[PDB]
4 protein chains.
Amino acid sequence: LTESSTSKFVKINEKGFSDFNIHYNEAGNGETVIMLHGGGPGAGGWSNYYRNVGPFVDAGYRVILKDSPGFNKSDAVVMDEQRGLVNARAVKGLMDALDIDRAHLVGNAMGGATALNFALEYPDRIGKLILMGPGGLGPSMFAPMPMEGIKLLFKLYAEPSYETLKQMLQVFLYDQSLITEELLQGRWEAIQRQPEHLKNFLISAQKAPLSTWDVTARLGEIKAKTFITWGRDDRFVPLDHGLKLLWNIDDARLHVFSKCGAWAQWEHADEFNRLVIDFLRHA
Amino acid sequence: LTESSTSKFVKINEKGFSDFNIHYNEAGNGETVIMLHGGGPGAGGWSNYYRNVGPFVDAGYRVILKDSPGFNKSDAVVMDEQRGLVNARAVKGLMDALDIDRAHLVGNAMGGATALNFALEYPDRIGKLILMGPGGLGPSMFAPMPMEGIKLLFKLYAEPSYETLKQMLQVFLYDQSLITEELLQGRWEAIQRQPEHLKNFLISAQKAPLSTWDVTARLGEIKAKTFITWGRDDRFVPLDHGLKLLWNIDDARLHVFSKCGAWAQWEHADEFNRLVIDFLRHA
Amino acid sequence: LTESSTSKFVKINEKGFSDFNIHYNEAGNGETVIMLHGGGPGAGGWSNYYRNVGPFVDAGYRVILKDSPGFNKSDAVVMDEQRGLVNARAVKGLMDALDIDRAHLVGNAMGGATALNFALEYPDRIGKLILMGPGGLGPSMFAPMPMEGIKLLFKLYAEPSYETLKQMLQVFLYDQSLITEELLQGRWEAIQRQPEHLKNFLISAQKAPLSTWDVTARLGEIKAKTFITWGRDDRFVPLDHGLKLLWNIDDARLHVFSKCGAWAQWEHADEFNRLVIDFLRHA
Amino acid sequence: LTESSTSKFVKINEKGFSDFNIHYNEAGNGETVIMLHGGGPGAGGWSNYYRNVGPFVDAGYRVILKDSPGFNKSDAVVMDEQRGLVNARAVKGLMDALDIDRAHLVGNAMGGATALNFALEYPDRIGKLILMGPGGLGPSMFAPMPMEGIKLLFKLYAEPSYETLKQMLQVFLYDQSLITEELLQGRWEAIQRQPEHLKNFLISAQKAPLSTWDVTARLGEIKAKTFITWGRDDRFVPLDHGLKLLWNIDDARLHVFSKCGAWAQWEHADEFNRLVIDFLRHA
Ligand SMILES: O=C(O)/C(O)=C\C=C\C(=O)c1ccccc1
Ligand SMILES: O=C(O)/C(O)=C\C=C\C(=O)c1ccccc1
Ligand SMILES: O=C(O)/C(O)=C\C=C\C(=O)c1ccccc1
Ligand SMILES: O=C(O)/C(O)=C\C=C\C(=O)c1ccccc1
Ligand code: NA
Ligand code: NA
Ligand code: NA
Ligand code: NA
């Protein structure tokens, strides 16, 4: 599978969205699993999940790697509401357009926020819920905020450079040897190709600060079976939030990977794939 | 499989042990997995692991449910050293007697301490290491100690009664509906059948308090791939110790079950069996 | 100072309360400090704060040790709303009746909940806010709930006995040598003298479970300078809630006493008195 | 009081030290309080404690602001052992040279490590122990390590610049408005004046990594009354280590300041001074 061979576009129409272009990468034909990416400069579905798409398709799922609004090849947008919710509206728009009744969701960081908001807003449209270090769940009991990684994410949005990108990826990943030229060049291309996304993200963030994303009080509404993953060494979203989700969601479990930053699906892809596929099949 | 059909005895000779009788329950014939039980009155291998033995044997392992010294049908003993270490010596004694070169270990609570000590003392004799809420790892950063459950364990040792046993099991398990008459009668029979074990446990505990069990400082020596499990609702061994192990053992992961006390292998048997079998096969 | 010499009654009329009798103990004539007690059987203002009233009066404060509705010598009541809020309404009723414009509040456990609700509902009527292990702030990130101490508090409400009272106090206090016959007999007398309070508490608790008390989401509204204290060894209200308050209230500090249960003002009276008086004078 | 008027030098001779020059700033004549600084580039006694020296002297103490070996105006040194211990040896050397029998110690970060090692090695020579976010106490249960601030401290040691110094101070302090030109120019002068200290620090750190500083296992030996302070927002030394000390030292208390980085004695000087003076007088 390649980005090119799996690349698709769909126009969505949900609430605020009118004829809004969503890019996604699709493979497989079984039960639908929609995978949702983080909010860093240059993020997108394919780059975030390229180590996961194959095994999930092999396991028999239909995998959709979605570009959230204002990222990668989806349309540009300035958001005045918290991104988790707006993003979830876009997932519903995509599912309606593609005639998908229910989907399992997988989301890291911003994508975890998207997935939480979707489960809250459209409980009849979700299967299982897989969350990797979801962002926006209020203060940490231990970590000073903004987190180290979030400071770098804002620095790169405001003053994009290849050097600052490398600095951000060094904080993002636990194992520095994973930062190949291929990874760097790829993310840098996505940043260079869509400068408007960077500008728009910063305007959006002013309009709706991270505090507005906090859906903690509503977590008791979630009836989806939930699998929470965390990197032990995540410098972007605090580990204690894994506990917050575990205590507040009715049917959840928590898996923490050692030697792992904020990209567990990439850093620990084999174990992540096995655990999540097992969860989807058997939980 | 039944307790009777799987029941075996072996005399061990390791360090302090001379012609010491160890009872165990064995089934299967593949790679050896030795499962080690907790330290509560009436504990033993079969009762602790009866929901696990079948699936592990089905998966192709040789399962040995070991009775630790001073429990169930193994010989009575008064220990002057911390039980984790003495217990680990007994595992080695059993393996030598049965000509087993390496074993995967599974242990909860006291059995987790046994398994940690074994990995430390005999690193050439262990495969993978599976730890469920291991006891004795020093103070908690959050929980007042002695833990609520430990107070009840000592109360039942000192003044055994069916009522106090039920009180202890109510704290041990998250879901109260799991406390059937079968469970209660079974544990009560093991308590009634070996009063000497109760007396000896209390003498042992005076000679080597829980502080003596703390092997935290040596955790960096462990080279075994390690899978740590915890019940979110464990009132016997504090949840933050799962983090302690995750930060201090080189290659570990942590899985926390929601709605789960100190007997995760029984309370969440299906998920526990699937996760641990996957770990043994693929990690 | 004695209970008898300081004993007063005042009828209150606030919202739901009509000609409702509130008992309190008053001494001193400076700035008013209202001290609010916990929710255990037999609790009351004088017994909870008798080691604190003298030093605060010596420091120049007017101290009011208030009996909350449904405790000690205040009127009996069945509450259908969370007690923190109803209790706070009663504090306002008392202050209005006594022509007190602003008060500093001190409250432990249930009384901490009362004080938080008061600061939220009547921000113009509070000076400084002193909180000792306040109850009802939602789940713990570490402690299984209901807490060990809360289980015993409900057991004593339902089946009052001198033995169960002693068991509860053993969990309440860190240092067992503090449990004198005087303490036990005193609390037992308050329990024996007002059986209706026990019955009513249990009815109230069914109508408004501890979850209803959770004001976490509103903590950002508190503008009062806040001093949070915790016992390291509190088995009634979880230590991590001290962190929750510290991160969520604008101007707070946290002081944790070692070797201390849920009655820090009594167990560590000298240090508590010095710290809180310094805070009132200088913060 | 000024740096110049209080400036003194003393040659020390303790274990490895031979005629080793120690610089310190002294004022007052009562009970001796030795204050010990952190390990950042350009750190020293006067700059670290200039908001504290006056009030402590006013309270009646003899205050010695000590420059640790390899900092500020003390002699250059390459250390092959953990700095906490070597530093503590230097404190003893100073006390012996000045005929001081016992001292109260105050230390932040590296200085907290110095003070812990001193209490362990010379328990007959310490009064009370005041610890502000002491460094080197092993892994955090929550924070990825090396901490954000420690990364910047090493960056500034290796590539000193005014810009990198400002970046470090921005992480060091919670309130950015405290970073005046006076603060920056002062620290920069100390860095420019002693380049050899920077080079030597980096050589020392290679010889004895932060892991070597971990004295956790010995904390039970400390008999000194101990006051632990932490900044809620400390990005250099993890907040949970305040809990570690509180559970492991016999007679400790913990005070956490909100809106506070790694320099609590400067960021919250008034409250810090009041609390520590009260502790020295009355605990
Ligand atoms: O998208 C990425 O891969 C990336 O580099 C960082 C993602 C950061 C987040 O999505 C995020 C969102 C909210 C809070 C914390 C973190
Ligand atoms: O063995 C059992 O099943 C049981 O009821 C309790 C086990 C308790 C422990 O083994 C234990 C050991 C050390 C510390 C904490 C807990
Ligand atoms: O009032 C007392 O002294 C007592 O024994 C226990 C108090 C318990 C509480 O007030 C309480 C309230 C809500 C949650 C936890 C604890
Ligand atoms: O000395 C300073 O003021 C400074 O900027 C940083 C101090 C850092 C430490 O001493 C330190 C030492 C060990 C671990 C963590 C932190
Ligand atoms: Na490489
Ligand atoms: Na049943
Ligand atoms: Na006594
Ligand atoms: Na300014």
Meets criteria (away from ligand 1 (no atom under 16 Å from the Cβ), among the small types (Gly, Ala, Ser) and within 14 Å of the chain's Cα centre (by Cα)) for B:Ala59: no
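Residue-by-condition table, conditions (1) within 16 Å of ligand 2 (Cβ to nearest atom); (2) part of a strand (DSSP E or B); (3) of a type in the set (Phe, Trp, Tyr); (4) touching a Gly at 6+ places or on another chain (Cβ under 8 Å):
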{"position": "A:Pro160", "(1), (2), (3), (4)": "no, no, no, no"}
{"position": "A:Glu163", "(1), (2), (3), (4)": "no, no, no, no"}
{"position": "A:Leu169", "(1), (2), (3), (4)": "no, no, no, no"}
{"position": "A:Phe201", "(1), (2), (3), (4)": "no, no, yes, yes"}
{"position": "A:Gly220", "(1), (2), (3), (4)": "no, no, no, no"}
{"position": "A:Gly242", "(1), (2), (3), (4)": "no, no, no, yes"}
{"position": "A:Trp247", "(1), (2), (3), (4)": "no, no, yes, no"}
Residue in the range B:122-131 that is of a type in the set (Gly, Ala, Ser) and either surrounded by fewer than 20 Cβ atoms within 10 Å (Cβ to Cβ) or within 11 Å of another protein chain (Cβ to nearest Cβ) (or both) present: yes
Failed item in (1) within 17 Å of A:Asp233 (Cα to Cα); (2) buried (at least 24 other Cβ atoms within 10 Å of the Cβ); (3) within 8 Å of another protein chain (Cβ to nearest Cβ), with B:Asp251 passing the rest: (2)
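Return the residue satisfying two criteria in turn: it lies in the range C:254-263 and is more than 16 Å from ligand 3 (Cβ to nearest atom) and in a loop (DSSP other than H, G, I, E, B), and of such residues it is nearest to the other protein chains (Cβ to nearest Cβ). Spell out how you get there, then give the answer.
Restricting attention to the range C:254-263, the residues satisfying the condition of being more than 16 Å from ligand 3 (Cβ to nearest atom) are C:254-259.
Then drop every residue that is not in a loop (DSSP other than H, G, I, E, B), which leaves C:258-259.
Values: C:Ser258: 5, C:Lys259: 8 Å.
Checking each candidate, the answer is C:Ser258.
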Every residue from the range A:258-268 that is closer than 10 Å to A:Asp234 by Cα and of a type in the set (A, V, I, L, M, F, W, C): A:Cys260, A:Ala262, A:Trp263, A:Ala264
Residues located in the range A:196-221, provided they are over 27 Å from D:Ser140 (Cβ atoms) and either among the acidic types (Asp, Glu) or touching a strand residue (DSSP E or B) at 6+ places or on another chain (Cβ under 7 Å) (or both): A:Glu196, A:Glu221
Conditions (1) under 12 Å from the mean Cα position of the chain (by Cα); (2) within 12 Å of ligand 4 (Cβ to nearest atom); number of the one not met by D:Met147: (1)
Residue that is surrounded by the most Cβ atoms within 10 Å (Cβ to Cβ) [pool: residues in the range B:231-248 that are facing chain A (nearest Cβ under 9 Å) and touching a residue at least 12 places away in the same chain (Cβ under 8 Å)]: B:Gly242
Criterion: touching a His at 6+ places or on another chain (Cβ under 6 Å) and surrounded by 23 or more Cβ atoms within 10 Å (Cβ to Cβ) - qualifying residue of A:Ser68, A:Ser74: A:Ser74
Looking only at the range B:171-189, and only at residues there that are surrounded by fewer than 20 Cβ atoms within 10 Å (Cβ to Cβ) and within 15 Å of ligand 2 (Cβ to nearest atom), the one that is farthest from B:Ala264 (Cα to Cα): B:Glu189
Unique residue being more than 30 Å from B:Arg102 (Cα to Cα) and either more than 16 Å from ligand 3 (Cβ to nearest atom) or not β-branched (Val, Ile, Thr) (or both) when the list is B:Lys223, B:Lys155: B:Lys155
Filtered residues of the range D:87-110 (kept if within 13 Å of the chain's Cα centre (by Cα) and surrounded by fewer than 23 Cβ atoms within 10 Å (Cβ to Cβ)): none
Near pairs, Cβ below 7 angstrom, 6+ apart or cross-chain, from the range C:140-157 (among the acidic types (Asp, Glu)) to any residue that is within 16 Å of ligand 2 (Cβ to nearest atom): C:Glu148/B:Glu148
Selection status of B:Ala119, of a type in the set (A, V, I, L, M), surrounded by 15 or more Cβ atoms within 10 Å (Cβ to Cβ), within 11 Å of ligand 2 (Cβ to nearest atom) and part of a helix (DSSP H, G or I): no
Test result for D:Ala224, under 16 Å from D:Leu129 (Cβ atoms) and of a type outside the set (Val, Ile, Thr): yes
Test: residue in the range A:140-155 that is of a type in the set (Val, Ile, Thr), closer than 30 Å to C:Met141 by Cα and either within 16 Å of ligand 6 (Cβ to nearest atom) or part of a helix (DSSP H, G or I) (or both): yes
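Out of the residues in the range C:176-187 that are in a helix (DSSP H, G or I) and closer than 15 Å to C:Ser47 by Cα, which is nearest to ligand 3 (Cβ to nearest atom)?
Start the filter on the range C:176-187 by keeping residues that are in a helix (DSSP H, G or I), which leaves C:176-178, C:181-187.
Now drop any that are not closer than 15 Å to C:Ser47 by Cα, which leaves C:178, C:181-187.
Numbers: C:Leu178: 13, C:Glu181: 17, C:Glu182: 15, C:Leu183: 11, C:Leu184: 12, C:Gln185: 15, C:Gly186: 12, C:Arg187: 8 Å.
Checking each candidate, the answer is C:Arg187.
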Of residues in the range A:174-191 being without any contact (Cβ under 8 Å) to a residue 12 or more places away in the chain and out of contact with any helix residue (DSSP H, G or I) (no Cβ under 7 Å at 6 or more places or on another chain), the one nearest to A:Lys73 (Cα to Cα): A:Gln185
Matching option when the condition is more than 16 Å from ligand 4 (Cβ to nearest atom) and more than 14 Å from chain C (Cβ to nearest Cβ), among B:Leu178, B:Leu173: B:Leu178
Answer residue from the range A:134-158, given it is more than 14 Å from chain D (Cβ to nearest Cβ) and in contact with a helix residue (DSSP H, G or I) (Cβ under 6 Å, 6 or more places away or on another chain) and is surrounded by the most Cβ atoms within 10 Å (Cβ to Cβ) among those: A:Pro134
Odd one out for C:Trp266, checked against (1) aromatic (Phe, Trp, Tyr); (2) touching a helix residue (DSSP H, G or I) at 6+ places or on another chain (Cβ under 7 Å); (3) more than 7 Å from chain D (Cβ to nearest Cβ): (2)
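Does B:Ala113 satisfy the condition of being crowded, with 23+ Cβ neighbours inside 10 Å, more than 16 Å from ligand 5 (Cβ to nearest atom) and assigned to a helix (DSSP H, G or I)? I'd like the intermediate steps shown before the answer.
Details: crowded, with 23+ Cβ neighbours inside 10 Å: yes; more than 16 Å from ligand 5 (Cβ to nearest atom): yes; assigned to a helix (DSSP H, G or I): yes.
Against the criterion (crowded, with 23+ Cβ neighbours inside 10 Å, more than 16 Å from ligand 5 (Cβ to nearest atom) and assigned to a helix (DSSP H, G or I)), B:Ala113 qualifies.
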Residue satisfying condition, being away from chain A (no Cβ under 14 Å), away from ligand 1 (no atom under 16 Å from the Cβ) and closer than 19 Å to B:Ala43 by Cβ, within set B:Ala217, B:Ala190: B:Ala190
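As a convention, Cβ positions derive from the backbone with ideal geometry for all residues, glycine included, and neighbour counts pool all protein chains shown. A short reminder: the numbers here are calculations on the coordinates, not readings from a lab.
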